[PDB]
């Protein structure tokens, strides 16, 4: 759900949305790490469970719509920042 | 003279100065080409 | 503009202040846009002056291109009825202005004073008078050919002798330097005999009668020998006689090239026919030059592509350009790539901006011949032009490009664009005379030779003094031609290096161990330096500031003796007399 | 697996002549020929090539021709003149590979057990690296394909040999080049790099705009394999990565600051050594 | 001559400036 | 009937077939045929080159069965087009690129069959990576030893491309044959791809080499650059007043200030600048 910005989720939202208690979310997430649909890590001094890798899933029309919006916003910035290299050095690189 | 000659006589000053300047710059670039041309020919 | 008219028409004396103002507005002028706005009012005030000046109102007008306004003041001189003051308005018009301009103004002249348009636009009384000057003044030597007679062998020398006496006897009709023998003249074969009958017409330059009657042996249907070059190269010489004069000489050459042999006669006919119709835009010569072009043949390559540009001189008929450069991409021979390479340079002439789309289109191309062809084109689109815009990338590709052919054509474009001030060209090419390759070291020598040639330049001979010492043979050659062009009609007091070099050509021609190519410049310079008995000279220039466009064509075409020997036989266009002539009546 | 091939520069030119043989038809006539190489290692070599007659229609791409008899005799000649060399695969000149291009491989796997193709490009409108090669495997899918058979990308490079570097780089003299120029190639390399980045993004959104709306098969290929590409996307300016640029770039700034500090002193030697030689040759001349 | 002195020194600027751009092409070419 | 200034066109495939067959058969003369077209009476154009099975000695080389010959040209007709033999070639390994006494004996065999049969000489030994020593010759009669053999209507085959070399005129020029000029015709299609074959993908343009070895390389180079500066203090201060050509004879040996000092600065510059600047773009461009 969250687009990898603060994906270091704490135990409370796991323990709420799975409605399991607090002292079982670690045995729950180590199972999913052992099977291998996720590749995160576990802290305990803050009890935040960092996320790194998610398996790819199926999506639909409106997910492609935002994905082109991610792609166009990434494509036109590369081209603009590549102009700024050539504009900086015209007859310097031959 | 101050209104009709001085507009030209003060202006031909800097037109003389740059020609005075880059002639020193030219003969520096002249001799450097003669070093490499004598190096390639040999 | 109007305060400039107020300066000349105020409390301000006119000794000559209305004279050098014409000189400043013609020499150092930025563009044509502010030139003509200044220039067109400066002779209207001369017409508003009480004595109408006549040479300057003609001088500005051919710079202004008004083919009706000179006929307007000619009508006033018909109204005034004196051919005395109706004279320098007319022969300065004939000397300076273009052939198409005189072909365009003649409609306004015909629409004594009835005989006047024949007297001034045919220009015939200048032709036989130049012939009159040469038949009277002729100061030559037989011994110089006898000194060079002793090189009898199977080498160049037979072509080298007959190219010498043809240059030093232009338009004098004197066949005693050739009729001393027959066998030594008829020794070399198969292209010298193409040049031997070619050199016959240059001696009879500018003369109507003794063209058919002396070559009556050399008509191709009379003798019929085993040599067709002897009989096919006569039509080459017929075009050399009647350059810039079109009559039956067009149609006598037109109807014979309908039905003829292979390209052994069609070289001489097409090069002669394009020469007589030079800059005339005739459709009838363009027709048989179409079918001469599309032969898919190597030997028609110099035939079509040179004369295809000559009849389209300064024309920029962009379909004909598209036909030429569209043709020279898929053909598989090289002279058909080479003759069109000069022709598409020659179709545009003095435009200052109107080639620059094409110049970039040729320089970017992969073809080394066609990049070389763009270099001659920018040389001809900027004739005498001191534009520092063109010198950026003409002289940039003189540095960077990898073929030797394009680099020689790059530095030889410098004198063609900067002959108007010969002071600057020894300052910029003197560094190029010491380049690492001999090809730029060659083209440095011709660039001084094409620029300062009208003057006895003290600086250029100082530069060309060690240039004849180089271990490459052809750079020793072109030093000698440039040493010939620099000092014609100059005797020991304009510069002391004249007789220092007279002995130098004889020093290198009587040696045995020299190269053939090394001594070919010496035997060639003998016919240059004594041209017409010191009576004719080169002139790329009038007193009006206007350039002499057949001499510009003649000296550019002269540069291609490397790729065809009788192609630089086109040099008689450059020779002009320097003789004052008086006249009081029509005859 | 083969995991790269090594292509000598004698081919990439002995293909283009055969495209220039039949190239008078102009419109479309694909060149197909036979590739020759070395049974070398896991890594493989490519040395020689020759052609074979081939024609094919526009509709119903199943009508195509490889003369086996021409392939037996002419390879029998090259086996005769060269015993070191044997067959490794084939090539075709098409810019993008066609649908026909799998049955050609399925023919000549009876010549070499791992018969490899090479696609070349006579017109690389892409200014990047041409002449990429593939190999066919079976990747039978969850969908129930009886044989999921599609080619796999194999990396490739241009080979080199001591005699052919002489002949090739002699012919490079028709144009100018800066191989000797340090950091002049380098600045172009990120220009030639990021041009490749923009080229792959304009292609992928053209595929992505079509499959979004109206017409394309929406299949369980790329659309989530490309979702994994978004998953990496490092979060560059965050907490501790700032201490990777301010502890390591300023290391490399000091070395540049050292190198300037000597280069200025070196150029200062050439002043005094010239100024001594200038006036002391003058004051003894006068 | 005073207007000519102002014009000719302008002409001795860019005709002398193009020589400065010229040796930059020469010395870059001779290194190759 | 007369000669001219002739010109030998080529194909770009031919010259690579020339030297690779020559280099692989280096210690002897290796032979091959030359295959092209007579485009006019003035120039000649080869487009194809192939060899044949041979049998050689240390001093001589021979061909074997001509049943290979006609069957080779037959299968080159049906694939592509038919074409024409124009001449042949062989090598002179390490020699003065000159027609031998047996090399001339196969030329009255060839000039009697077709007129302008060109003999071509290659050497893959005196050819360096810069330039190739290619060579082509054309037999002349001895019956016309007094009469002229070329009409010489231009300069293009007289003083250009060299004067003939002293080790080749010692057998040949201008006795018994004449040399001929060679250029290089290029189609646009191969010209465009002969330009770009030393470049890579964007992967090579966007690497960051590795910061451990990059710092290690900088740690390496500066360390001896200290020692170069130790020697640099001694020699520049030293300057015995010796009229410096004698300085320029006591420096050949082990002496090297001022030469490595310019060198290592160039290496430390171009490494550090590109390593920084490529790391700059991977943050501006990416995310």
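Nothing in this text is a laboratory measurement; each read-out follows from the coordinates by a stated rule. When we count neighbours, we look across all protein chains shown, and the Cβ atoms used for this are built from the backbone with ideal geometry, even at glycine.
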Legend entry - Value of D in µm² per second that Stokes-Einstein yields for the stretch D:151-286, Kirkwood Rh from Cα pairs, at 20 °C (1.002 mPa s): 93 µm²/s
Legend entry - chain D: angle of helix D:184-212 to the longest principal axis, Cα-based, in degrees nearest 10: 40 degrees
Inset, instruction - Starting from the coordinates of the alpha-carbon atoms of the protein assembly as shown, obtain the Kirkwood hydrodynamic radius over all distinct pairs and give the value in Å to one decimal. - result: 37.8 Å
Inset, instruction - First measure r as the distance between the Cβ atoms of residue C:95 and residue F:150, then evaluate 1/(1 + (r/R0)^6) with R0 = 41 Å and state the FRET efficiency to the nearest 0.05. - result: 0.35
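Given C-alpha coordinates of chain C, what is the ratio Rg to Rh with the Kirkwood estimate of Rh?
Across chain C, the Cα-based Rg/Rh ratio is 0.96.
What does the structure give for D:159-168 when I average, per residue, the other chain Cβ atoms found within 10 Å of the residue Cβ?
Other-chain Cβ atoms within 10 Å of each residue's Cβ, averaged: 6.
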Inset, instruction - May I ask you to derive the relative contact order of the stretch A:30-70, considering only C-alpha pairs under 8 Å and at least 6 residues apart, and to give it as an integer percent? - result: 27 percent
Inset, instruction - With label points built 7 Å along Cα→Cβ from the Cα atoms of residue D:80 and residue F:242, find their separation and express it in nm. - result: 7.1 nm
Inset, instruction - Once you have all Cα-Cα distances for the stretch C:276-435, histogram them in 10 Å bins from zero and send the whole-percent values. - result: 11, 40, 33, 14, 2
Inset, instruction - Starting with the highest mean, order F:60-69, F:2-11, C:350-359 by the number of other Cβ atoms within 10 Å, averaged over the residues of each peptide. - result: F:2-11, C:350-359, F:60-69
Legend entry - Cα-derived Rg to Rh of the stretch D:179-237, Kirkwood definition: 1.18
Inset, instruction - Compute the distance in nm between two label points, each set 7 Å from the Cα along the Cα-to-Cβ direction, one at residue C:147 and one at residue F:192. - result: 6.1 nm
Legend entry - Ranked packing of C:152-162, B:18-28, F:180-190, most packed first, by mean Cβ within 10 Å: C:152-162, F:180-190, B:18-28
Inset, instruction - Can you figure out the FRET efficiency of residue D:162 with residue D:45, using R₀ = 22 Å and their beta-carbon distance, to the nearest 0.05? - result: 0.90
Inset, instruction - Over the whole of D:14-26, what's the average partner chain Cβ count within 10 Å per residue? Rounded to a whole number, please. - result: 4
Legend entry - Square roots of five times the Cα gyration tensor eigenvalues for the stretch C:2-148, Å: 35, 22, 15
Inset, instruction - Starting from the exponent 0.38 and prefactor 2.2 Å, build the expected Rg for the stretch F:76-182 from its residue count and divide its actual Cα Rg by it. - result: 1.19
Legend entry - Modelled FRET efficiency - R0 41 Å, residue F:211 with residue E:10, Cβ distances, 0.05 increments: 0.15
Legend entry - Shielding by partners, peptide A:85-93 (average Cβ within 10 angstrom, other chains): 3
Inset, instruction - Do me a favour and compute the ellipsoid semi-axes for chain A from its Cα gyration tensor, root of five times each eigenvalue, largest one first, whole Å. - result: 42, 18, 12
Legend entry - Normalised per residue, the volume of the convex hull around the Cα set of chain F (Å³): 281 Å³
Inset, instruction - Sort all Cα-Cα distances of the stretch C:49-110 into consecutive 5 angstrom bins from zero, then give the percent of pairs in each bin up to the one containing the longest distance. - result: 4, 18, 33, 28, 13, 3, 0
Legend entry - Tail weight of P(r) past 16 Å, computed on alpha-carbon pairs of the stretch D:223-282, percent: 71 percent
Inset, instruction - Kindly express, to the nearest 10 degrees and within the range 0 to 90, the angle between helix D:68-81's C-alpha long axis and the longest C-alpha principal axis of chain D. - result: 50 degrees
Legend entry - Acute angle (nearest 10 degrees) that the helix D:162-171 long axis makes with the longest principal axis of chain D, alpha-carbon atoms: 80 degrees
Inset, instruction - Just need the Rg to Rh number for the stretch D:2-182, please, alpha carbons only, Kirkwood Rh. - result: 0.98
